[PDB]
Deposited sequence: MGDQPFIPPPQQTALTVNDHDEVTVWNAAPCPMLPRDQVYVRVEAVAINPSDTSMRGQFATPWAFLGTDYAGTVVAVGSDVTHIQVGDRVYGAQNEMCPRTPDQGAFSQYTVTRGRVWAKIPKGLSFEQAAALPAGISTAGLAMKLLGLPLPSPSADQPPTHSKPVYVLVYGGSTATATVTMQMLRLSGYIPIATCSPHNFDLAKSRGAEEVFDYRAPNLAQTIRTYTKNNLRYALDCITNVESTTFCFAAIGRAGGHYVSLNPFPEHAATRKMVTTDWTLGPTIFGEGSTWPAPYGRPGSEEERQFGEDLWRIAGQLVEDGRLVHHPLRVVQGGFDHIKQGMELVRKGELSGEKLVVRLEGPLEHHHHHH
């Protein structure tokens, strides 16, 4: 009954000459006493996968079948299905990444898949849930209550601009914003208008429209105080700053931002902080680990896991590919080239 990991496996990594590589003799991680061992069934592709520690495993989003259980783990059994996030390309843990045949759960940044979800649907969620939570925390917005019967009331609407309303992150975030009593207003391309509205946007606009920031300022009564930038380029930053109200506001982006007097505070989400383990980027010093960041991730996942279970948080629309590891490599290229719109690339792994 003791579990012994396989001697080697296939995983996706980067080699010594900056090329994405299928490695067929990759190591298998050891099983922590407080984690479970996962035979990965599906993975999702994220832009951050495509942005190096050679030979460390790639990939964030996984869903799979529990094949072994740590001695200190309760409430999980062999055969259970789980989904969660890995901390990709981490030099201290190069044998942990979503793009492997076998991984281990990390922290408490995971949950059991609800009976009603498939592996493919569940794999689509982890980075979205994680990022949505970090963005709400940085904006100074409370996470939803999983136990409440309706959102908090605001007789005077509290708007949140979401620049890039068709992004995988925005569609999960806008649902959470709604649950917490906020009213998201989104910008994206016309063909994704229905998607954005279905995911919680009160109104949606084409970001290309002339003088759109004036339109938004007027809509929000010149008091927009929250802007979430899911695109993070020179144009999106300029736009969000122009839309924020006359008295100031808070800009949060999902990436570090390029190079005002506008009374705007600023932050950006650092993905590895969902684990509270720290980060070696950005130099100098990166970030330390912290128990408060760790506890926030666990709390977020306990809340989001229930919301997913209850059908209150739905996955981004899926583009599913049946395949193996070369299909992940291929998926990453489609994503890197900006070739996906309003969909998440998920690969369902064939064994063998």
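Unmodelled regions (deposited sequence positions with no C-alpha coordinates, counted from 1) are 1 to 3, 55 to 59, 268 to 270, 364 to 371.
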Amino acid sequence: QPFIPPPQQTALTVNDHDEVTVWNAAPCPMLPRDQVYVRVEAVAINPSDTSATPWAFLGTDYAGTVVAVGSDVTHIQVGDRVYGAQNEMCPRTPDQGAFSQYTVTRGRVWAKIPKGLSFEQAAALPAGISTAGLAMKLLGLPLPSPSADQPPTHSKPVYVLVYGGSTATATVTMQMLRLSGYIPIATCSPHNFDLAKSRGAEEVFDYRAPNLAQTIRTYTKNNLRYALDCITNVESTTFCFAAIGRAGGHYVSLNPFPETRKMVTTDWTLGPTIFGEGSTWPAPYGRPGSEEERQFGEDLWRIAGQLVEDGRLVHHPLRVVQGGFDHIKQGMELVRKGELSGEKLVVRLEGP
From here on, numbers count along this sequence of modelled residues.
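Higher mean CA temperature factor, per the PDB entry, when comparing 293 to 301 with 30 to 38: 30 to 38. Stretches 77 to 85 and 208 to 216 differ in mean C-alpha B factor, with the higher average recorded for 77 to 85. Within the group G323, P47, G59, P317, the record's highest C-alpha temperature factor is found at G323. Looking only at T266, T169, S279, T187, the residue with the top Cα B factor in the deposited structure is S279. When the modelled residues of the chain are ordered by C-alpha B-factor, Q121 sits in the middle third.
In this PDB entry, the Cα temperature factor of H250 sits in the bottom third of its chain's modelled residues, the lowest group. Residue-level temperature factors show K115 in the highest third of its chain, judged at the C-alpha atom. When all modelled residues of the chain are sorted by CA temperature factor, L141 is found within the middle third.
The deposited CA B-factor of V158 belongs to the middle third of values across its chain.
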